[PDB]
Structure formats: C-alpha cells, structure tokens
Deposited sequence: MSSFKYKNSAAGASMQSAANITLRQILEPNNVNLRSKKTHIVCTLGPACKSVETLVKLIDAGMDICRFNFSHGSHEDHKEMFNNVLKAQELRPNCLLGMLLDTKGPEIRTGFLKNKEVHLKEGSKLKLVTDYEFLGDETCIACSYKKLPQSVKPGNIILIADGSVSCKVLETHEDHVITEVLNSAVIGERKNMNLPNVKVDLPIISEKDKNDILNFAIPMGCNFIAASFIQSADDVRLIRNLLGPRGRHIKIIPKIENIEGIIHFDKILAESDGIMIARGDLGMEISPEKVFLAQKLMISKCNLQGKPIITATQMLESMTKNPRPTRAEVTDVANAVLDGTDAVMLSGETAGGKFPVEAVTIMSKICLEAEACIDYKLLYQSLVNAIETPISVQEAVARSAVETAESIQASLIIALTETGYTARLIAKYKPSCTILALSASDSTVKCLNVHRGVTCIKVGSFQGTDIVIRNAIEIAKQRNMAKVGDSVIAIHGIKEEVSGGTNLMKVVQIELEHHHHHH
C-alpha cells in the first residue's frame, strides 16, 4: 500500500572518537523552533540563531495577535543582528479541538468498568458519571465500539450507546482527570471546520500582513482541507506555503492526496500517538518521510523531539537517537516546541539538536542515497529535473563544495534538494518570498540578490559571498545551475 525505503550509512571509528567542530549553521537539516516566553528577548533569539534555528514557529493555539506581534518584531530585530541568516516564519493554526466540559469539584476519578455519559450540552457541570463534550457532532461521528480518549489519553472509553445529544461509554481504565481536557476520537473523522473564524483571522490579518512564509495547518484530514486554505489565502497569499499537520487516522488514510495538494508535511507525532497505537507511530513517520522524499516535498518531524530538555540540561538517550534516526530516515527539518517556548534550556536544546543532525548527516552514504532516489522515481522526467539531477551527480563526482542555483520561484532549488546532494545548495533569488520559503528544504541556504542582473554577474557575486562565509575556498569546484536549462562547473581561483 505505502512505499519502501533504503537508508545507507558509513560509520568510521574517527567519527565516533573525534569531536565535530564545524559551524552549527553548516548542517543540512533545518530546525523549527517554537517561540514563547523562554525566547522572548532579542538576546535569546540571536543565541538560537547561532545554535541552529532556521524557522520560527508561532503557535496560534495560545496567545493573541499582540502576543505574537511583540514576538515577531523581536525576531525581525534578531534578524537584523544576523544578516547571513534568513529565517522562515511559520504560523501554526489552532485548528479544530475537542475538549471536555467543566466539573463540579474540578476533579473526577473515573473507575474501570464504570459507565460515563458524554453530553453535548457544554453548560452541564460534570461528575464521574456524566461529562460534557465541546464537539456537538460527537454522537453522530462515533459508533458503538469506538474508543474515546480523554486528557492526553489519560483514560479511554468504549462507546456503548449513541443518542442525539449524548453518548454512553464504559471507562476502560481507572484514572483521575480535570476540567476542559482535550479529547481524541481514534479512527473517526472529526467534522469540525479546518479553519475557524479565529483561524481565518490569524491567516488573513496576521500571516499575510506580517509576511509569514508557512501555514502549518493543524489537523488536516483531506485534500479539500488544503484546497480550502489555498483558496482562503488567495492571490494575497499565493507565496505562502501550506504545510498540513498529519495528526489522526484520516490524515494517514488520505495522505497521498493531501501531499499532492501540499507544499510540505509536518508529522505531529505526539498528537498522532493519541489516535494510533504507540507502536505504530514510527511506521507512519518513516512512510510519510519516504513518500515526501520521493515527491521532492519537504517534511518536518515534530513537535517535541527533545521534550525532556525543557526541564533537564541534557536530553535522554532515546530523544537523541530519535533525532538522529529522523535525519537518517530523510526528514528535511526537525522541530522543538516547549524546549524553546517556555523551557529552561532553549539554547542548549537547539545546540545539541544541531550537533546530532551534523553527526547523522556525516553518516549518510550520499551516492547510495542518490541511486536509491533515481531507481525509485518515475522514469519520464522533465528537462528541468534531468539538469538538476546532473548538478547533484556532477557535484558528487568532482567533490564540489557548493551547488549554486539561480531561481526566481525556488523551483530549481527544490528540484536539486529532491536529490539530496552531499554539498550545500546555495539558492540565489530576487524574491524575498522565495529566499524565506526554501528554508524548509534540507540543505538549501538562500541569498537575496537584486533583480535585472545577468546570470554570470550573479554567479560570480555568489562565489565571492560563499568565499567570505567560508562556504567555499580556492581550489574548490562549484556547480552553477540556472535557466533554457544550464549546468556549469567553475573553479575558484585567486
């Protein structure tokens, strides 16, 4: 049904024993950092940039437009102090949610085997036998036998009866829960608007005006959800990328069609764990990464890969291996949530995440990775894809230090990134939109250039900038690709 994947690594004793001492921003994997009070200051945001931050996430499930505007402006000023780092701006929509009601004593201890009524009258003050639910269509969506999760899966309930204004369930495990806790409906499609009037306001009155580059759309369940957001963005938001968040079984079932309409994918594994069995989540991650890789669509592994670091100064061993294997799987980007938003060690979390990515990236056998991609991609490829293929190929053969890609819309750099070169892709664009959207692709670093300039002049300017940024040196070869379509090798001299 899904797809197959082939990883290839070369691990030396030297890489295990000798410390890595390269610049953290030289990594190919990009880091999405969630903004919050822990990194509210321009001082902390600059430290996050130096640590490896590439995309700032604005979580619009919390905070007002004011709260995100003082954060946005502080990021732009951190941006001014770090001009060689063009950060992508990502808005994460609140999206549809399901929550329990209020309780008379603010606490209930649901006991296993007992029966619990879930009513649609949200004004009802609940008790251990009956609790309100904010999702009015709940009785029409669940059937007898369906499982209902409450409070981050703290308690499961097997649906016994469905009625017009309530359902009756059996508490499957004993646990104590509180007020207004979240709910999940595994294997059931939630019939709530993908974009609420509040979500509509954040998109049209924040994302578009403030110039956000990505909309991470929470709880995408169909291609129609994506097309709705595309139409809502309209010509005003033509350049804003839509990144569906796969969070439930519906998104998995319709993933292929969702991906075809998308500009990229975010795997919300924590939320996914509340909809599928814990032992199945790694199956969904690796399948989604593989499908995105073969389409050339970027993918973010999310949302809290160093979760313990938001209290601890060092991650757990499992969190470290999880980051490394996500890179080896082929993820374009990795994400931090509470670690940077409200935690005690935000800079420490981004720092170690960058170091893990660099170690995993040095593992990859790029020739084997390249052939795995070529062997699995559909045979008829366009001229543009063939030339991008030849750039990656030629770069590996001559050990070029850089692939320089001239691109207005980003399409050329995306085609190159699809084939995963071992060297950095330096994309040059006159579009301020393009230079901030390519951040989501692995291995792409952008430079803004002026318009109406000849190709030869732009390339020589990029070579000089690359020399200053230590991205290339005298004696190196670099690839230039632009256009009809053209691939060029130039050696750096003088």
Regions of the deposited sequence not represented in the model: 1-10, 494-501, 513-519
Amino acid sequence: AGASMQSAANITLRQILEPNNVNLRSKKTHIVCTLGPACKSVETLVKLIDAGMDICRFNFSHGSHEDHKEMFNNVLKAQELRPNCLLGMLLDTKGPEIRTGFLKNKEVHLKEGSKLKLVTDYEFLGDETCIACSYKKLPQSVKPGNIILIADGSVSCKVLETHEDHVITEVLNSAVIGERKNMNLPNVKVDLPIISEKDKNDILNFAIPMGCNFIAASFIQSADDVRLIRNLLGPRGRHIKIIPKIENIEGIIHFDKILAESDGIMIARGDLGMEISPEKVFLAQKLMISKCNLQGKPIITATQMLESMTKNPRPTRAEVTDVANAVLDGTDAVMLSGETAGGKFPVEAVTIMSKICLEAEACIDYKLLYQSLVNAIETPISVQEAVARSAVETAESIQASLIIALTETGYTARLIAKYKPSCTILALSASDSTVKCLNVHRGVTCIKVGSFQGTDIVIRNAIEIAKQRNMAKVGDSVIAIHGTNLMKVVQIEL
From here on, numbers count along this sequence of modelled residues.
Mean C-alpha B-factor comparison - 123-131 and 264-272, higher one: 123-131
Greater mean Cα temperature factor according to the PDB record, 435-443 or 462-470: 462-470
Options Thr29, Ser26, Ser429, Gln453 - largest CA temperature factor per the record: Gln453
C-alpha B-factor winner, where the candidates are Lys104, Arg389, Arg414, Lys137: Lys104
Ranked C-alpha temperature factor of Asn173 among modelled chain residues, by third: highest
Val42 - Cα temperature factor, lowest/middle/highest third of chain: highest
Third of the chain's Cα B-factor distribution that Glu66 belongs to, per the entry: highest
Entry-reported Cα temperature factor of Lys418, expressed as the chain third it lands in: lowest
Third assignment of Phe255 from its chain's C-alpha B-factors: middle
